[PDB]
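Structure first, then comments.
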Amino acid sequence: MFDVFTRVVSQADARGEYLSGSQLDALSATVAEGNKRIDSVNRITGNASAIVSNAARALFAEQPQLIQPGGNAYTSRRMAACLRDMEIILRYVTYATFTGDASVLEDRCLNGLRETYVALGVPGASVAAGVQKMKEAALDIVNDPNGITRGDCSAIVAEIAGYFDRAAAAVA
Amino acid sequence: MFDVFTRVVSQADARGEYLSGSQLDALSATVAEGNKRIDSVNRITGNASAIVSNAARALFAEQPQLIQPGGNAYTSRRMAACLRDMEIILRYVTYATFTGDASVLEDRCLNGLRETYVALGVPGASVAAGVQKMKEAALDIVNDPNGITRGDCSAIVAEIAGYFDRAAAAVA
Amino acid sequence: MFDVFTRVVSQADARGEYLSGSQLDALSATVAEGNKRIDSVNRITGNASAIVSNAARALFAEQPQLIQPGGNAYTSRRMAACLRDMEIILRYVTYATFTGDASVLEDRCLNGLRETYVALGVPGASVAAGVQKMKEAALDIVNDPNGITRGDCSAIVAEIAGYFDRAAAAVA
Amino acid sequence: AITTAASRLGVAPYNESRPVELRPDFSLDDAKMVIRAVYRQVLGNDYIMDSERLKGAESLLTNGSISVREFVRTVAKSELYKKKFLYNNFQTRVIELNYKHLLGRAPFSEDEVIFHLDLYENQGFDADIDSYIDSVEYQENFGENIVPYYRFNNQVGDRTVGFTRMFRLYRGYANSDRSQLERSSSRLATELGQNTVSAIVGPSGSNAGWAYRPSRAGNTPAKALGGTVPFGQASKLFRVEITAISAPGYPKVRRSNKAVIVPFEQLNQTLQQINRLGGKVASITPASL
Amino acid sequence: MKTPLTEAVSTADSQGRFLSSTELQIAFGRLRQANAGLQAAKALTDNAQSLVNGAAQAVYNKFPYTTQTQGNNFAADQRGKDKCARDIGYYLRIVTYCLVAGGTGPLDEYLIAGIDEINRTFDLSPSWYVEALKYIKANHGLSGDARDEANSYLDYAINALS
Amino acid sequence: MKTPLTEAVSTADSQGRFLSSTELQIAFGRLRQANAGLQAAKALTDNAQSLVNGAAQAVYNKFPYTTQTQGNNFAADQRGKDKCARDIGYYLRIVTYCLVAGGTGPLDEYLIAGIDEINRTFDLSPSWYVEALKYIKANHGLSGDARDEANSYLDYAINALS
Amino acid sequence: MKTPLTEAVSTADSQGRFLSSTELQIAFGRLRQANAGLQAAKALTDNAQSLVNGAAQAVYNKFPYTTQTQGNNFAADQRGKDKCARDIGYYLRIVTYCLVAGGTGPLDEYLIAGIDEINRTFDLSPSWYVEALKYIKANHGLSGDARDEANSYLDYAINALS
Amino acid sequence: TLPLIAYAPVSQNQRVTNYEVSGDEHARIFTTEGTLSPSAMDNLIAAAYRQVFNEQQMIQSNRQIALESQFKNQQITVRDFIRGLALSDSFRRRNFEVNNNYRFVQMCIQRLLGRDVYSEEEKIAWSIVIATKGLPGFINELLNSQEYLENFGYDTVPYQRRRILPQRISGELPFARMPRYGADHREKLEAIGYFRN
Ligand SMILES: *[C@H](C)[C@H]1/C(=C/c2[nH]c(/C=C3N=C(/C=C4\NC(=O)C(CC)=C4C)C(C)=C\3CCC(=O)O)c(CCC(=O)O)c2C)NC(=O)[C@@H]1C
Ligand SMILES: *[C@H](C)[C@H]1/C(=C/c2[nH]c(/C=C3N=C(/C=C4\NC(=O)C(CC)=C4C)C(C)=C\3CCC(=O)O)c(CCC(=O)O)c2C)NC(=O)[C@@H]1C
Ligand SMILES: *[C@H](C)[C@H]1/C(=C/c2[nH]c(/C=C3N=C(/C=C4\NC(=O)C(CC)=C4C)C(C)=C\3CCC(=O)O)c(CCC(=O)O)c2C)NC(=O)[C@@H]1C
Ligand SMILES: CCC1=C(C)/C(=C/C2=NC(=C\c3[nH]c(/C=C4\NC(=O)[C@H](C)[C@H]4CC)c(C)c3CCC(=O)O)/C(CCC(=O)O)=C2C)NC1=O
Ligand SMILES: CCC1=C(C)/C(=C/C2=NC(=C\c3[nH]c(/C=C4\NC(=O)[C@H](C)[C@H]4CC)c(C)c3CCC(=O)O)/C(CCC(=O)O)=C2C)NC1=O
Ligand SMILES: CCC1=C(C)/C(=C/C2=NC(=C\c3[nH]c(/C=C4\NC(=O)[C@H](C)[C@H]4CC)c(C)c3CCC(=O)O)/C(CCC(=O)O)=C2C)NC1=O
Ligand SMILES: CCC1=C(C)/C(=C/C2=NC(=C\c3[nH]c(/C=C4\NC(=O)[C@H](C)[C@H]4CC)c(C)c3CCC(=O)O)/C(CCC(=O)O)=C2C)NC1=O
Ligand SMILES: CCC1=C(C)/C(=C/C2=NC(=C\c3[nH]c(/C=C4\NC(=O)[C@H](C)[C@H]4CC)c(C)c3CCC(=O)O)/C(CCC(=O)O)=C2C)NC1=O
Ligand SMILES: CCC1=C(C)/C(=C/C2=NC(=C\c3[nH]c(/C=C4\NC(=O)[C@H](C)[C@H]4CC)c(C)c3CCC(=O)O)/C(CCC(=O)O)=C2C)NC1=O
Ligand SMILES: CCC1=C(C)/C(=C/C2=NC(=C\c3[nH]c(/C=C4\NC(=O)[C@H](C)[C@H]4CC)c(C)c3CCC(=O)O)/C(CCC(=O)O)=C2C)NC1=O
């Protein structure tokens with residue numbers, strides 16, 4: 001995989017030049033952003049079970065056809081698999097937030113997930129709605145001002161939202 | 001394609017042998033069952049729209065997660081394609097019943113249909129369920145004693161059930 | 001195209017009326033000599049190659065300028081095309097005999113064939129003479145009493161003669 | 001190794017992942033990580049619930065009563081493995097599944113399927129599973145203490161058919177063997193009987209044309225027999241594998257996946273017609289020389 | 001129009017070959033069905049006026065809103081009832097034409113072609129004509145081969161509208 | 001192949017339609033003459049050895065140069081006589097296949113397609129096979145429904161060779 | 001390429017759990033030394049051409065036979081000197097990539113794994129590249145946090161070649 | 001090159017939407033998208049021959065043996081087989097050499113697009129496509145044409161389109177009627193010394 005540093009490293013090595021000053025200043029700005037990035041990772045990790053359970057509640061509230069006898073999330077095994085899917089998508093979203101590049105998300109989390117969902121008959125639009133609900137919960141929890149030092153964090157919030165959007169788009 | 005006669009003809013030509021008396025007697029029995037075969041074809045053809053409509057209604061009743069938005073039979077274009085697919089599969093089942101062999105059904109309908117459905121994201125398990133609903137509708141209409149001369153027609157019903165099972169097994 | 005049934009259906013729909021008793025009795029009569037119609041079609045189809053070869057041979061016997069160097073049938077390719085024209089005209093006469101109506105003969109064979117033979121430089125009088133020789137060959141073959149159930153067949157013979165005369169008049 | 005196409009083919013999460021080996025005096029988390037790696041590999045990334053967790057074999061591995069090889073053997077003998085892979089599959093599918101799980105590679109030739117199916121019918125499933133475990137390849141790759149792993153990289157004594165058939169079996173890191181496009185159909189019956197190789201199509205996400213599967217009949221062959229001659233003036237010919245054509249409709253489009261051989265001069269047009277159609281190009285292979 | 005004879009020729013024409021014994025067996029089935037079709041059409045021609053009036057009354061019975069709501073597409077006034085009686089007359093006449101022809105060709109080239117956009121731009125429900133064809137299928141009184149081959153056209157037009 | 005059932009299904013599939021009463025009449029004629037085709041095929045199967053030997057002898061009687069001139073394509077030696085008997089057995093077996101099937105499809109897939117390249121490559125005159133088929137016509141012994149059905153395939157192979 | 005962030009994510013994925021406080025400390029160590037790594041990479045980027053030329057001359061002084069005898073593996077001609085300058089530029093650029101990344105991942109995925117087949121196949125002595133990396137060690141001019149981090153990658157490339 | 005000069009479309013039956021059930025006078029779809037018997041593949045090849053070369057040039061010397069063999073193996077699509085029939089030597093000599101560019105454009109539009117030319121202006125517009133790009137360039141333009149595709153696509157033998165309207169005994173004249181050459185090549189063959197008595 002790649003993080004925010006090794007993505008630029010791999011691009012420079014494929015081009016075969018040293019990093020210019022603008023790339024090093026952008027990486028220094030990423031380093032300054034890193035404390036807020038680690039705060040975002042810590043907050044989503046600390047509220048992960050609540051995010052997954054509340055997003056599952058909202059998803060099976062507004063789409064009750066999934067839990068109906070015969071639905072994709074019906075049966076303890078299929079529901080437990082759906083909850084583990086929500087947990088793993090949230091976990092790889094935190095992984096992509098931690099790295100600063102999404103390469104872990106396409107290389108591991110979305111690498112054949114659409115094949116899995118098409119093969120099993122999993123409705124990928126329902127999974128996209130679930131990832132939307134985890135995005136709403138995670139962006140509400142990261143941007144919470146209580147118990148943390150103040151400062152603008154719109155960049156890491158937009159980056160987490162982009163990770164969630166490309167996670168939901170790979171299955172929809 | 002093949003019918004019930006040219007299947008035996010092709011087997012005899014691959015052997016390079018004249019047809020034996022057991023094969024002539026079996027084909028004469030097929031000729032005897034042919035009027036019941038034509039009755040079955042006529043009944044499924046005359047109730048094709050009712051079979052497709054009722055099977056779709058029962059399918060999206062017991063699996064309502066496909067007509068809800070984000071589902072695969074959601075939108076007019078998708079739902080029209082699903083009804084058309086049911087009509088096409090039923091039409092090729094009537095073709096295979098007419099020929100007395102599943103060559104036309106396997107080669108012009110079932111060949112690449114699972115591949116087409118997994119390429120388009122169509123859930124083939126749901127299409128297989130709809131094929132079973134068209135199966136139960138068609139074998140209920142064929143086995144109706146009303147308005148027809150009473151006689152034993154269980155071989156034709158089992159043969160139609162075999163073609164429907166071939167159609168259901170080739171979409172998932 | 002029309003047949004002996006759909007033609008009468010076409011004038012009935014043009015007048016917007018049901019068929020009378022006399023029209024249904026005439027159609028039942030056409031069903032009655034339908035067996036001799038199928039015999040006539042079978043005999044011309046079985047002896048089609050002999051009819052084409054013998055009539056072409058007699059035509060180029062009486063008209064040697066076609067097979068003389070420079071003639072319209074003067075090559076292996078142009079002779080093959082002329083024999084194909086004989087086969088095609090005979091095929092469409094059998095189609096008209098099969099239907100009981102020359103709508104397929106006037107539609108797919110005769111309309112525009114005169115201008116085609118004018119634009120090619122094909123002598124249409126020679127094609128009419130060859131079609132006439134096919135008429136005596138086919139009518140002698142149809143009226144063969146051997147190897148068939150005996151009965152009056154002058155109506156279907158006169159119908160074939162009318163089709164052949166209409167084919168000859170379309171090119172002359 | 002695999003570097004540039006590793007992200008596309010899904011090799012990269014296995015490229016940065018080292019083989020899991022249990023040390024002779026191993027810690028408890030080492031035993032738990034061998035347990036997790038065995039449940040991912042041998043059970044083929046299926047979700048494993050707590051009811052089917054096989055606590056006895058885990059407990060025997062945790063104190064060293066059995067080795068990693070014997071733990072892999074035990075979880076392959078188990079009813080969970082048989083109901084996942086054996087009882088609802090063709091025997092070729094079972095053979096290629098055991099090759100992917102226990103040996104981490106696709107079956108090479110037809111003779112391997114011959115040997116394993118004959119030994120199964122002669123001696124049953126457990127005897128066959130033992131034959132995968134008691135193979136010389138298993139000892140020179142994993143031995144006694146290493147969990148089996150997917151071997152995409154070239155080793156000593158492999159075949160290049162196994163590289164392509166590995167991606168016929170491996171369909172992504174986010175994917176299980178039960179959750180693939182051929183739901184229960186063996187992917188290598190026509191590849192091992194005919195000794196042929198289909199083009200490698202990568203998994204979802206990285207490859208837009210991930211969903212190309214060939215039909216059982218009416219498939220365009222890989223090599224252009226004929227060359228430029230049916231196409232007039234041409235230089236090179238390419239087989240394009242096209243996925244999910246649905247823009248005209250059923251009368252016009254009978255099959256979503258289409259494979260065609262097209263020249264250089266028709267390549268731009270072919271690409272353009274795929275784009276206009278909305279089709280997805282799976283792979284383009286040089287069909288001529 | 002679609003009919004065993006015409007279809008047999010069309011096949012032999014597209015393959016560019018003479019009428020084989022396949023085509024002759026097609027003609028034989030046409031011949032054995034044609035007498036039953038002609039007698040069925042004769043019976044329907046005899047029972048035509050009563051069947052059209054009964055079918056129109058059955059459509060008014062199941063759909064009474066056509067006889068009470070004002071509009072061009074409804075039969076509330078005399079012109080709508082005349083257009084409806086003409087519609088079931090057209091339906092029954094083309095069914096008799098299909099009986100005489102021995103195929104669905106009169107229905108295909110006379111009524112089934114373009115009936116959907118007719119029903120939607122003149123705001124005609126196809127279910128009215130479906131119920132009319134149910135009355136024709138219930139009150140035509142035929143038996144044997146004449147019954148089944150007439151019903152095959154009635155359900156063909158039913159499946160075309162529905 | 002070309003049989004009434006297969007051709008009816010292929011026609012209805014090309015026009016994208018269900019099996020109307022036209023195709024039902026196609027199958028009706030197929031059923032009407034299928035029994036006669038089967039028992040004609042059985043009669044030819046039982047009399048096949050005598051028919052092939054007599055047809056070979058009739059070809060050697062009409063064309064004696066095949067049994068006296070040296071050549072690979074001629075039946076002067078015993079190998080050429082075995083080849084001619086095998087060829088006439090092939091022709092008669094495909095005739096029985098066509099009688100069973102109900103159309104010239106076994107001929108079109110097994111004998112007609114590619115016989116010209118064989119006859120011009122291996123220097124086999126098609127008139128020999130025409131004379132063999134004329135002997136099979138003159139000596140099959142079938143009557144009525146079986147004779148006209150059998151001679152349709154006999155003449156179809158004759159017109160394909162001529 | 002291994003890096004504290006990527007190895008932390010790969011490890012926590014191997015246990016299949018969320019990023020605990022350990023990986024948060026991992027990224028905090030990455031943050032506290034990433035600025036010094038970027039500054040060292042910028043200094044090496046500015047001084048890279050002089051460093052590569054001086055390292056090439058240090059190899060040519062320690063190993064003068066590379067500039068004297070003929071051979072494809074030697075720098076006796078302009079082509080060999082260009083290859084040596086390109087190799088030392090590759091080594092220095094991958095060291096800058098390791099400084100930016102924060103680990104030996106660029107070295108492992110681009111230079112370290114596989115260099116033994118390079119040295120055996122193309123008859124290149126690893127002692128030449130060891131002397132080159134010793135020149136970058138002795139002449140990069142970094143201090144403190146930037147010096148110790150950059151010397152770690154130069155030693156690791158030296159340690160792999162030795 | 002140059003863009004084709006604009007030509008106005010003339011109303012033909014294929015321009016409007018077809019409100020028909022296929023039935024009797026439909027042109028049969030000869031398609032390879034369904035898996036076919038070798039006999040059905042042979043009738044499809046004969047249908048392509050009948051469309052491109054007409055009935056007359058269905059002789060053994062005009063059969064493209066290697067093209068047929070590659071088409072059976074599905075080395076090429078139906079459109080590429082139609083191209084190979086149009087690029088055939090027999091087609092070029094019999095049809096292209098005996099016609100000018102205008103009548104050959106009319107012939108190829110009728111036998112590939114399945115419709116007649118709109119006017120003389122369309123023949124004029126595609127005749128310079130012939131005159132610059134050769135016959136292969138012109139055929140390729142016609143076979144890559146959206147018309148050819150939206151009508152026949154890649155896997156269907158072309159057919160005359162909408163030749164006859166429903167419930168009509170007669171429609172437009174069939175494409176089979178058109179000869180290899182017009183009256184100009186007829187009178188040129190008469191002037192060189194043929195066809196006289
Ligand atoms: C109905 C129960 C389910 C369903 C169906 C659905 N199908 C499509 C699209 C296609 N279906 C086909 C199938 C065939 N090709 C053939 O050759 C044959 C036999 C001759 C068949 C049956 C094809 C080719 C397509 C794509 C082309 C087209 O649009 O017609 C769709 C549309 C998907 C899309 O638009 O991308 C749908 C919705 N969907 C369901 O949810 C039911 C389980
Ligand atoms: C016997 C009547 C006929 C016959 C058989 C024959 N079969 C094979 C080879 C295989 N058969 C199978 C079948 C199965 N695999 C499964 O998993 C199952 C269910 C559990 C079945 C039924 C397989 C997989 C093979 C391939 C392995 C092998 O080669 O043994 C052969 C040999 C194949 C070859 O040609 O090399 C043969 C001969 N052959 C006949 O002529 C009879 C009609
Ligand atoms: C004769 C020595 C042997 C034999 C031959 C046989 N071949 C085929 C079928 C095909 N052969 C080819 C080969 C080519 N087509 C080309 O265009 C070219 C180069 C221009 C080549 C080399 C192809 C493509 C086919 C399939 C397409 C077709 O049928 O034409 C068959 C038919 C097999 C079948 O059952 O379909 C046969 C019998 N068979 C023998 O037994 C001899 C050893
Ligand atoms: C067929 C196998 C199967 C089982 C067993 C099953 C159980 C199951 N019960 C659930 C919820 C629930 N179950 C309860 C049950 C109770 N609350 C109480 O106070 C009572 C004491 C008690 C009843 C005995 C409640 C309140 C919820 C909702 C939880 C929520 O929305 O957060 C959910 C969450 C999804 C949903 O809302 O539907 C599942 C999956 N689902 C299955 O598919
Ligand atoms: C191992 C567990 C651990 C963590 C995770 C951690 C994070 C951490 N976050 C910090 C800062 C910060 N964190 C934020 C984050 C935010 N501010 C906001 O108002 C938003 C709601 C939010 C974005 C989610 C900001 C703005 C700073 C100060 C700027 C910076 O230091 O980068 C600091 C600097 C010290 C401080 O001022 O508190 C630390 C150490 N320290 C630890 O020991
Ligand atoms: C062109 C339209 C047309 C059709 C389709 C047709 C079919 C047809 N079906 C027949 C018989 C029959 N049909 C059946 C069928 C059945 N019996 C049952 O109780 C089951 C519910 C059912 C199976 C679906 C049987 C048992 C016979 C009598 C045996 C036989 O003739 O084969 C007969 C023999 C004559 C008769 O006794 O009625 C005909 C002609 N005739 C026509 O004109
Ligand atoms: C399906 C209805 C139909 C028919 C029958 C028809 C006839 C027809 N005959 C042709 C040629 C021909 N037709 C003939 C026929 C003859 N030449 C003679 O001298 C004899 C008088 C006569 C034999 C009876 C010949 C020789 C040609 C070859 C002309 C040539 O290619 O130079 C051609 C042009 C050949 C081509 O384009 O490749 C057509 C279209 N067109 C149609 O649409
Ligand atoms: C599939 C092949 C096949 C065919 C073609 C066929 C035709 C056929 N022609 C018949 C009758 C007949 N065919 C003729 C025809 C003629 N009589 C003459 O003397 C004239 C020379 C000649 C006009 C060409 C007549 C007069 C009848 C009896 C009347 C009738 O049945 O319509 C019959 C009634 C059964 C019989 O008495 O033989 C059949 C089945 N049967 C088959 O199985
Ligand atoms: C037993 C027979 C056999 C063969 C032949 C074989 C070929 C082979 N070459 C590979 C890679 C490779 N091959 C090359 C080769 C080249 N790159 C270039 O630019 C040059 C044109 C060319 C040298 C002539 C490269 C660069 C890779 C690595 C690709 C990557 O990094 O992803 C791989 C990927 C697996 C791995 O490297 O471990 C295989 C399997 N494998 C086998 O088992
Ligand atoms: C790389 C990390 C990773 C991912 C992403 C992953 C996904 C994943 N989800 C699966 C199943 C599943 N996923 C779901 C999920 C859902 N069903 C619904 O209706 C909802 C919309 C949704 C939850 C929000 C279900 C129901 C199954 C089981 C399907 C079955 O067995 O029938 C499976 C099949 C194997 C198994 O059951 O364990 C995989 C591999 N696995 C992984 O290792």
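By convention here, the chains of the structure tokens are called A, B, ... in the order presented, each chain's residues are numbered starting at 1, and ligands are numbered starting at 1 in the order presented.
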Would you mind listing what lies within 12 Å of residue 154 in chain G as a PyMOL selection string, with only C-alpha atoms counted and same-chain residues fewer than 6 positions away left out?
chain G and resi 88+91-99+103-104+107+112+129-140+147-148+160-161
Name the residues of chain B that fall into alpha helix (DSSP H) according to DSSP on the backbone, using the chain letters and numbers of this document, as a VMD selection string.
chain B and resid 4 to 15 21 to 46 48 to 62 76 to 99 103 to 108 113 to 120 124 to 142 154 to 169
Within 10 Å of residue 82 in chain A, counting only C-alpha atoms, which residues show up once you throw out same-chain ones fewer than 6 positions away? Write them as a ChimeraX atom specification, please.
/A:56,72-74,76,88,122,127,130
Please identify all polymer residues within 9 Å of residue 36 in chain E, counting only C-alpha atoms, omitting same-chain residues fewer than 5 positions from it, and present them as an NGL selection string.
:E and (41 or 99 or 144-147 or 149)
Hey, which residues come within 10 Å of ligand 4 if we count only C-alpha atoms and all ligand atoms? Could you give them as a PyMOL selection string?
chain A and resi 53-54+56-61+64+66-80+82-83
Taking only C-alpha atoms into account, find every residue of chain D that has an atom no more than 6 Å from chain A, and write it out as a PDB file with N, CA and C atoms, in the first residue's frame.
ATOM      1  N   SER D   7      -1.304  -3.718  -7.273  1.00  0.00           N
ATOM      2  CA  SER D   7      -2.505  -3.026  -6.822  1.00  0.00           C
ATOM      3  C   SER D   7      -3.714  -3.425  -7.655  1.00  0.00           C
ATOM      4  N   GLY D 172      -9.596 -11.287  -5.479  1.00  0.00           N
ATOM      5  CA  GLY D 172      -9.474 -10.082  -4.688  1.00  0.00           C
ATOM      6  C   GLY D 172      -9.322 -10.298  -3.199  1.00  0.00           C
ATOM      7  N   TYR D 173      -8.747  -9.307  -2.517  1.00  0.00           N
ATOM      8  CA  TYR D 173      -8.541  -9.404  -1.076  1.00  0.00           C
ATOM      9  C   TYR D 173      -9.852  -9.288  -0.312  1.00  0.00           C
ATOM     10  N   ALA D 174     -10.811  -8.526  -0.842  1.00  0.00           N
ATOM     11  CA  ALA D 174     -12.124  -8.355  -0.237  1.00  0.00           C
ATOM     12  C   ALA D 174     -13.102  -9.440  -0.649  1.00  0.00           C
ATOM     13  N   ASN D 175     -12.597 -10.606  -1.025  1.00  0.00           N
ATOM     14  CA  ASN D 175     -13.375 -11.623  -1.697  1.00  0.00           C
ATOM     15  C   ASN D 175     -13.106 -12.981  -1.071  1.00  0.00           C
ATOM     16  N   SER D 179     -17.848 -16.487  -2.561  1.00  0.00           N
ATOM     17  CA  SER D 179     -18.443 -15.260  -3.084  1.00  0.00           C
ATOM     18  C   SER D 179     -17.727 -14.811  -4.358  1.00  0.00           C
ATOM     19  N   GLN D 180     -17.841 -15.627  -5.402  1.00  0.00           N
ATOM     20  CA  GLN D 180     -17.275 -15.294  -6.700  1.00  0.00           C
ATOM     21  C   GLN D 180     -18.323 -15.517  -7.780  1.00  0.00           C
ATOM     22  N   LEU D 181     -18.057 -14.986  -8.972  1.00  0.00           N
ATOM     23  CA  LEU D 181     -19.036 -15.003 -10.060  1.00  0.00           C
ATOM     24  C   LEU D 181     -19.506 -16.386 -10.478  1.00  0.00           C
ATOM     25  N   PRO D 203      -9.503  -8.167 -10.077  1.00  0.00           N
ATOM     26  CA  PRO D 203     -10.709  -8.028  -9.250  1.00  0.00           C
ATOM     27  C   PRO D 203     -11.398  -6.676  -9.377  1.00  0.00           C
ATOM     28  N   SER D 204     -12.449  -6.482  -8.584  1.00  0.00           N
ATOM     29  CA  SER D 204     -13.255  -5.276  -8.646  1.00  0.00           C
ATOM     30  C   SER D 204     -12.508  -4.089  -8.038  1.00  0.00           C
ATOM     31  N   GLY D 205     -13.020  -2.895  -8.321  1.00  0.00           N
ATOM     32  CA  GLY D 205     -12.424  -1.676  -7.813  1.00  0.00           C
ATOM     33  C   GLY D 205     -11.289  -1.170  -8.676  1.00  0.00           C
TER      34      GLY D 205
END
Within 10 Å of ligand 5, counting only C-alpha atoms and all ligand atoms: which residues, as an NGL selection string?
(:A and (30-44 or 138-157)) or (:G and (20-28))
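Coordinates place CA of residue 253 in chain D at a distance of 15.7 Å from CA of residue 214 in chain D.
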Only residues of chain H matter here; which ones have an atom within 9 Å of chain C, counting only C-alpha atoms? Give them as a ChimeraX atom specification.
/H:24-25,55-57,59,167-171,173-174,176-187,190,193-197
Shell of 12 Å around residue 41 in chain H, only C-alpha atoms, local chain residues under 6 positions omitted, as a PyMOL selection string
(chain B and resi 1) or (chain D and resi 218) or (chain E and resi 15) or (chain F and resi 1+108-109+113) or (chain H and resi 30-35+47-48+68-74+78+156-157)
Neighbours of ligand 9 within 6 Å, counting only C-alpha atoms and all ligand atoms, as a ChimeraX atom specification?
/D:1-5,153-154,158-160
Atoms kept (N, CA and C atoms) for selection, written as a short mmCIF file (atom, residue, chain, number, x, y, z; two decimals), in the first residue's frame:
data_model
loop_
_atom_site.label_atom_id
_atom_site.label_comp_id
_atom_site.auth_asym_id
_atom_site.auth_seq_id
_atom_site.Cartn_x
_atom_site.Cartn_y
_atom_site.Cartn_z
N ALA D 1 9.11 -10.29 -8.53
CA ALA D 1 7.80 -10.24 -7.90
C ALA D 1 6.81 -9.48 -8.77
N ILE D 2 5.73 -9.02 -8.15
CA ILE D 2 4.68 -8.27 -8.83
C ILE D 2 4.61 -6.90 -8.17
N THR D 3 4.94 -5.85 -8.94
CA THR D 3 5.04 -4.50 -8.40
C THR D 3 4.00 -3.55 -8.98
N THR D 4 4.00 -3.37 -10.31
CA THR D 4 3.12 -2.38 -10.93
C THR D 4 1.67 -2.85 -10.95
N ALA D 5 1.46 -4.12 -11.30
CA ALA D 5 0.12 -4.68 -11.38
C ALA D 5 -0.35 -5.27 -10.06
N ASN D 153 4.05 -15.12 -6.63
CA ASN D 153 5.38 -14.91 -7.17
C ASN D 153 5.93 -16.20 -7.77
N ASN D 154 6.86 -16.03 -8.70
CA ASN D 154 7.50 -17.18 -9.34
C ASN D 154 8.46 -17.85 -8.37
N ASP D 158 7.54 -24.17 -10.54
CA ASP D 158 6.15 -23.87 -10.83
C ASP D 158 5.91 -23.88 -12.34
N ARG D 159 4.68 -23.54 -12.74
CA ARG D 159 4.31 -23.41 -14.14
C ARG D 159 3.64 -22.06 -14.34
N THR D 160 3.82 -21.50 -15.54
CA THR D 160 3.23 -20.22 -15.88
C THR D 160 1.74 -20.30 -16.16
#
Have a look at CA of residue 151 in chain G and CA of residue 101 in chain A and let me know their distance in Å, one decimal.
27.4 Å
Considering only C-alpha atoms, extract the chain H residues located within 12 Å of chain D and return them as a ChimeraX atom specification.
/H:29,31-37,41,64-89,134-137,139-141,143-146,149-156
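Here is the contact set of chain B against chain E, at 7 Å and counting only C-alpha atoms: residues 46, 48 and 49 of chain B.
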